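What follows is a short report on a single structure.
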Amino acid sequence: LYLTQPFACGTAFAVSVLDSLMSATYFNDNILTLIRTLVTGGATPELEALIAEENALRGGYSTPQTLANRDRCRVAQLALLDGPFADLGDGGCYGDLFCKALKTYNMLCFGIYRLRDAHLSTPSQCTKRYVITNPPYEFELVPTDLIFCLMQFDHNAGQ
Amino acid sequence: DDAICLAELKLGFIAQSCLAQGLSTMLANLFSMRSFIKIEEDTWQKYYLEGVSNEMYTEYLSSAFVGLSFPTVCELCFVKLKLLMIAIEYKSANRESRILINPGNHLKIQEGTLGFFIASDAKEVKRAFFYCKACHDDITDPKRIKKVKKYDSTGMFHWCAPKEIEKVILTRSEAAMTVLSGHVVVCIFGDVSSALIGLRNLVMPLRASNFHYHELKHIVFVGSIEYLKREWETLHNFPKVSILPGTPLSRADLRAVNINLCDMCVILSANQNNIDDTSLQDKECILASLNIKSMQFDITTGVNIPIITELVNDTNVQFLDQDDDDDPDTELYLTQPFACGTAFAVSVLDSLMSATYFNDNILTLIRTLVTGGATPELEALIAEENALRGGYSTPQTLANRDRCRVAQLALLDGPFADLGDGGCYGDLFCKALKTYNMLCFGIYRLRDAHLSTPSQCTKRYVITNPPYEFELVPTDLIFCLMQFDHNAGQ
Amino acid sequence: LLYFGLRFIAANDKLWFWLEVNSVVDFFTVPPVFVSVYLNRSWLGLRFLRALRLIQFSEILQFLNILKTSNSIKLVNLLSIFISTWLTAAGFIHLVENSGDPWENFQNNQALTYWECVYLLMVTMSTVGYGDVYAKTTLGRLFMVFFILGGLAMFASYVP
Amino acid sequence: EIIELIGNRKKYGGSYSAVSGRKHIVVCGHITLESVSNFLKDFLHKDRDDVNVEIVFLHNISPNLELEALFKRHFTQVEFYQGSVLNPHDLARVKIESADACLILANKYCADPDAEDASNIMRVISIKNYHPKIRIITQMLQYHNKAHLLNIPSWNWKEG
Ligand SMILES: CC(C)CCC[C@@H](C)[C@H]1CC[C@H]2[C@@H]3CC=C4C[C@@H](OC(=O)CCC(=O)O)CC[C@]4(C)[C@H]3CC[C@]12C
Ligand SMILES: CC(C)CCC[C@@H](C)[C@H]1CC[C@H]2[C@@H]3CC=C4C[C@@H](OC(=O)CCC(=O)O)CC[C@]4(C)[C@H]3CC[C@]12C
Ligand SMILES: CC(C)CCC[C@@H](C)[C@H]1CC[C@H]2[C@@H]3CC=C4C[C@@H](OC(=O)CCC(=O)O)CC[C@]4(C)[C@H]3CC[C@]12C
Ligand SMILES: CC(C)CCC[C@@H](C)[C@H]1CC[C@H]2[C@@H]3CC=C4C[C@@H](OC(=O)CCC(=O)O)CC[C@]4(C)[C@H]3CC[C@]12C
Ligand SMILES: CC(C)CCC[C@@H](C)[C@H]1CC[C@H]2[C@@H]3CC=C4C[C@@H](OC(=O)CCC(=O)O)CC[C@]4(C)[C@H]3CC[C@]12C
Ligand SMILES: Nc1ccc(Oc2c(F)c(F)c(C(F)(F)F)c(F)c2F)c(O)c1
Ligand SMILES: [Ca+2]
Ligand SMILES: [Ca+2]
Ligand SMILES: [K+]
Ligand SMILES: [Mg+2]
């Protein structure tokens, strides 16, 4: 299943690929909390204690110590077509992009979601893309690329 | 011609355990025929197995006890013959059994007064019939002795004007303001289209007339409201009854009612027979019981909360405790949760069939100690109306309140504090009769009292009818039968 | 002998490894060869037990990752067990009949060949039972009586 | 009938023997060919650092021929014992006192999700009742059933 095109493009999902988590959590102690924090949007001990009592959620009043829990990196995608990273779209050095983003915006790039037919000489109109996880330092980039990122919460906003 | 109702007796045993913990496991051990087992290593089994050796028999009294009062006869029997005489039946135009008798009120009518005894076997009981005063005075050893409407219509239960169900229903926020202490909380897992257990048999013993009004315990039900209204028709005449809709598995509900300030917390299930899987039976009861043990309070832990739970498959008794040494071969009567009085299965009442045949008066001695005192006249009224009709107060009705009740004593302070460390159970028993006319018939002793190493567990077990020279530690409780006091400060 | 040493080391409980069929056949097969070499003699003793080594084939084929499916595993098991026990019984009959009776001073010796003994065991297992060849010594008859109890049922069950 | 009555015996009865300086784990629950093959293929992969923990299965149904062949292929690092996890005798047989962890597999493709969760809850309760300090890793099918595990007296999520 892991080699099929629908799975390699992120348009399909089956629960049978989660069976490997049994052996993954045994060898490394804190993986299950890392996944749940990354995926369920918060798995802090405060929620764990509260969810045991009421098995629900209650509204509250905002306090300066409460509003300090709103600083968590979120998952987002970026495009090299336009912006500060447009210069590196044609350039093609993945390492340079990684360092520049982390130093400036404290943004962590850990993947490329590349167009399927970007490596073919003949032109095409297919818009399907697949995932490349943790490419090496010397990786060529193309302007039609999307990079996975983790972005810091910013208290101010245009709104 | 006896009919042994299992549900009535089971619920009566549980309700009696509500007043004094361990009473169900003490009473269920008086009807199983067992022999003395002696072990060498110093564990709690050593005393528990000595306790469980006793059974309850009955036999007539010799002519040496004709013109004597019941306390004097009981003290004489204990001290001399090493027998515990719990109750007698008073021969008359119609038979009637008295549980415990104050002096002067009842002298032995001599008309073949049948006494009830607790002893190892019938051979020892036979001494009471052959006792000759002149011949056997010198013989010290037990051996060598040879030839507004407030009460019920019958005036035996508390009563009140009928109340509709909506006037007693509470909510989680509402229950917080009410302050409940020393109450009884009942957890039921029933629902619509399920077998109907008779909840009248559980609260009726708790509403007996021999208790004063302020001594009554508040009762709170935690379960599906749909199931409760199916039998509220038989419950709306009792005072101080409340309902909290919800689920006993929810830790939030168990905090609304002060579950850490209770006397008991009964756990019952109604759809236990419907399940076909052997393992999945008792899933609710076992899981709910473990939930309370893990709760945290600012008594600081849920382990010390007193809980009793019934089981449909007694092999699941191993899951009720963590520090026990589980074994799938030991019988239910010997495992720790049963010995501590925190479990009860209906399979222990199978022994009541054979006990009834050999002496029919046993089934009527019990069922009045256990049930609040239901009489055949009252059962006729419930058959037709099924509403427990109340009535007015007359001197004949108010004279039925005077009957003994089951209570649990404490040696930490009071008149008996001195004997807490001396260690002569016989001295306490003799003093109790001649002073307050209460009958002591057991010890509820800490599980780790004999060990030298200090511990923190507060579990206790039952010792039934200890010998005369038994040693007493200050940290233990005494089972007693207390006389009703007509007047008492409020 | 060396292969027996390796199996002994890898065993968990030495007592229950010792009380095993392969260990027993090794015990009853290997030492007599050295004894014969030392004595410069020979004896056709319990050599027929060498046919009991055919049972290990179905397990060593699984070790070699050759057999993987249930039908093939069952077929190989049945074939190996049937052939091995048939040949072992034939060998025992051959030895007992050709040798004689020890308490008779070896005077009941009936001349038989291994092929004839195989034929006799096949006819006995099939429950056909001609009168052309049969056991005539006391030990042979006793073993035939005890083998009739089990071999007949085995033949009735395995072949279909 | 006699032949059938004799030989009715469990070939996988026995007790595990601990080895000094080597950990082991116990696997129970939904044991089948595909599940065991996937679990072993992921557990014994070469990308992991060198590991020497033994895997001890425990199921109450005797394995079939091809599952037995799989266990033969993983001969020196996998063991099987027949029993029930709701039995203290079996739990003591598999030497669960010194086991590093206990893994419980679930049946994802089950007809009724609730019964599987209830069975897993029973298994966890039994294991923690026998030994309240072992580490347990389990699979849950429904979220509202996972809250019940938070009420077991000895279930510590801060520990693993
Ligand atoms: C499966 C294992 C335990 C081997 C068992 C073999 C025994 C059943 C056999 C092997 C040697 C036999 C013995 C070999 C020779 C003799 C001498 C024989 O007496 C003779 O001198 C023979 C001629 C005569 O009877 O005068 C009596 C039987 C006896 C003891 C035999 C009895 C049966 C024995 C002990
Ligand atoms: C347990 C299994 C593996 C082997 C069983 C072998 C038995 C069937 C053998 C072993 C000892 C034998 C006995 C050994 C010696 C004798 C004495 C022998 O008689 C004589 O030696 C002289 C008198 C006569 O001629 O009968 C008659 C047979 C008999 C009883 C044998 C009968 C067959 C026996 C019981
Ligand atoms: C059950 C199926 C697989 C058939 C089994 C066939 C056996 C009964 C055959 C296969 C090999 C045969 C043997 C092959 C060679 C010889 C040697 C032969 O003798 C000689 O060659 C030397 C001279 C002599 O002594 O006659 C006598 C027959 C014999 C023992 C044969 C006897 C019958 C055997 C064991
Ligand atoms: C495919 C498998 C089953 C092997 C097939 C071949 C064997 C079954 C053959 C090969 C050599 C044959 C043997 C060759 C010679 C003899 C001697 C013969 O005895 C004689 O002296 C002749 C007796 C007669 O002709 O009646 C008995 C059969 C036998 C053992 C034969 C039996 C059958 C054998 C073992
Ligand atoms: C199942 C175990 C207990 C073995 C049962 C048999 C044995 C106890 C032995 C002991 C003495 C033997 C007997 C000793 C002598 C004879 C006479 C003998 O008469 C003959 O004509 C001899 C034939 C022959 O052996 O060649 C027949 C066998 C028989 C009854 C033997 C049969 C087998 C016997 C009973
Ligand atoms: N050439 C020869 C010499 C002695 C023999 O005596 C045995 C015997 F009497 C016996 F009972 C067995 C048994 F244990 F297997 F049964 C044997 F194996 C024997 F060897 C024999 O059979 C043949
Ligand atoms: Ca007795
Ligand atoms: Ca236990
Ligand atoms: K024939
Ligand atoms: Mg091994």
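Excluded from the calculations below are hydrogen atoms, water molecules and symmetry mates; all remaining heavy atoms, backbone and side chain alike, are included. First the proteins, then the strands, lettered A, B, ... as listed; each starts at 1.
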Give each N or O donor-acceptor pair spanning chain D and chain A at a distance under 3.5 Å, with atom names and distance to 0.1 Å, or state none.
| residue | atom | partner | partner atom | Å |
| --- | --- | --- | --- | --- |
| D:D42 | OD1 | A:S23 | OG | 3.2 |
| D:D42 | OD2 | A:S20 | OG | 2.9 |
| D:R135 | NH2 | A:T25 | O | 2.9 |

Taken in chain and number order and not counting sequence neighbours, the residues that satisfy salt bridge (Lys or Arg N to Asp or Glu O under 4.0 Å) with D:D90 are D:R93

Heavy-atom neighbours of D:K11 NZ exceed 12 at 6.0 Å: no

Which bit of D:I25 comes within less than 4.5 Å of chain A, counting heavy atoms only: side chain, backbone, both or neither? side chain

Does any part of the side chain of D:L103, heavy atoms only, come nearer than 4.5 Å to the side chain of D:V26, both counted from C-beta? no

Can you see whether D:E79 engages D:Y12 through a side-chain donor-acceptor pair at a distance of less than 3.5 angstrom? no

Residues D:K95 and D:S15: side-chain donor-acceptor under 3.5 angstrom: yes

Out of curiosity, A:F148 CZ to A:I112 CD1, how far, rounded to the nearest 0.5 Å? 10.0 Å

